[PDB]
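Listing of protein-v4.pdb; format and content: PDB, C-alpha atoms (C1' of nucleotides) and all ligand atoms.
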ATOM      1  CA  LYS A  11      -3.707 -16.847   9.233
ATOM      2  CA  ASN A  12      -2.037 -13.570  10.299
ATOM      3  CA  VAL A  13       0.661 -15.511  12.186
ATOM      4  CA  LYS A  14       4.389 -14.766  12.057
ATOM      5  CA  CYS A  15       6.501 -17.837  11.341
ATOM      6  CA  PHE A  16       8.756 -19.262  14.070
ATOM      7  CA  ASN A  17      11.930 -19.276  11.993
ATOM      8  CA  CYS A  18      11.029 -17.248   8.896
ATOM      9  CA  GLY A  19       9.088 -14.316  10.426
ATOM     10  CA  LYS A  20       6.780 -13.864   7.409
ATOM     11  CA  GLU A  21       3.063 -14.270   8.166
ATOM     12  CA  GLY A  22       0.243 -16.096   6.347
ATOM     13  CA  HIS A  23       1.657 -19.521   7.319
ATOM     14  CA  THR A  24       3.957 -21.319   9.789
ATOM     15  CA  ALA A  25       7.706 -22.233   9.871
ATOM     16  CA  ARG A  26       7.361 -25.440   7.807
ATOM     17  CA  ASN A  27       5.274 -23.798   5.078
ATOM     18  CA  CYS A  28       7.590 -20.788   4.701
ATOM     19  CA  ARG A  29       9.744 -21.068   1.595
ATOM     20  CA  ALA A  30      12.705 -19.631   3.486
ATOM     21  CA  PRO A  31      15.141 -22.119   5.082
ATOM     22  CA  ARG A  32      14.041 -24.123   8.132
ATOM     23  CA  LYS A  33      15.748 -24.130  11.525
ATOM     24  CA  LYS A  34      18.025 -27.137  12.076
ATOM     25  CA  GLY A  35      17.112 -27.400  15.765
ATOM     26  CA  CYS A  36      13.860 -27.094  17.706
ATOM     27  CA  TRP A  37      12.205 -23.703  17.158
ATOM     28  CA  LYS A  38      10.678 -23.219  20.617
ATOM     29  CA  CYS A  39      13.480 -25.093  22.391
ATOM     30  CA  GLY A  40      16.506 -24.704  20.013
ATOM     31  CA  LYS A  41      18.107 -28.171  20.543
ATOM     32  CA  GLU A  42      18.315 -30.671  17.627
ATOM     33  CA  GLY A  43      17.173 -34.218  16.764
ATOM     34  CA  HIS A  44      13.420 -33.790  17.358
ATOM     35  CA  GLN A  45      10.291 -31.648  16.861
ATOM     36  CA  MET A  46       9.604 -28.534  18.989
ATOM     37  CA  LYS A  47       7.435 -30.016  21.764
ATOM     38  CA  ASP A  48       9.389 -33.255  22.262
ATOM     39  CA  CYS A  49      12.308 -31.265  23.746
ATOM     40  CA  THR A  50      12.414 -29.282  27.005
ATOM     41  CA  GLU A  51      10.697 -26.362  25.331
ATOM     42  CA  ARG A  52       8.367 -25.778  28.268
ATOM     43  CA  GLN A  53       9.134 -27.532  31.564
ATOM     44  CA  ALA A  54       7.714 -30.969  30.711
ATOM     45  CA  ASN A  55       7.724 -31.910  34.396
TER
ATOM     46  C1'  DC B   1      -1.115 -19.851  18.544
ATOM     47  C1'  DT B   2       1.751 -22.725  15.119
ATOM     48  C1'  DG B   3       3.708 -27.604  13.074
ATOM     49  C1'  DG B   4       8.918 -29.616  11.017
TER
HETATM   50 ZN    ZN A 101       7.710 -18.422   7.612
HETATM   51 ZN    ZN A 102      13.960 -28.795  21.485
END

Turn the structure described in the file into structure tokens.
Ligand SMILES: [Zn+2]
Ligand SMILES: [Zn+2]
Amino acid sequence: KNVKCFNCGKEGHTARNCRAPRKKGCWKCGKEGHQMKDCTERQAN
DNA sequence: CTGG
């Protein structure tokens, strides 16, 4: 879809789809033990 | 925009 992947960089898909290795922690937030949104990725408030 |  002409989108660069969060942790792989290659386009035509998204992080999870990319064959390359996945990020251990949250992509947007970094932390570990959850998805991307669940963690303080963007001031949950 | 896209999400594990
Ligand atoms: Zn990728
Ligand atoms: Zn996080």

Output check: residues returned by the PyMOL selection byres (((chain A and resi 24-28) around 12) and not hetatm), as a PyMOL selection string: (chain A and resi 11-23+29-34+36-38+45-46) or (chain B and resi 1-4)

How big is the axis-aligned box around the listed atoms of range 16-23 of chain A once 8 Å is added on each side, and where is its centre? Give both in Å to one decimal, as lines of an AutoDock Vina configuration file.
center_x = 6.1
center_y = -16.7
center_z = 10.2
size_x = 27.7
size_y = 21.7
size_z = 23.7

Within 6 Å of ligand ZN 102 (chain A) (all atoms listed in the file), residues as a list in words: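 My answer, listing the contacting residues, is residues 36, 39, 40, 41, 46, 49, 50 and 51 of chain A.
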
Could those selected residues go to a file with C-alpha atoms, as a compact mmCIF listing (two decimals), in the coordinates of the input?
# COMPACT_ATOMS: atom_id res chain seq x y z
CA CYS A 36 13.86 -27.09 17.71
CA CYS A 39 13.48 -25.09 22.39
CA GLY A 40 16.51 -24.70 20.01
CA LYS A 41 18.11 -28.17 20.54
CA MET A 46 9.60 -28.53 18.99
CA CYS A 49 12.31 -31.26 23.75
CA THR A 50 12.41 -29.28 27.00
CA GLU A 51 10.70 -26.36 25.33
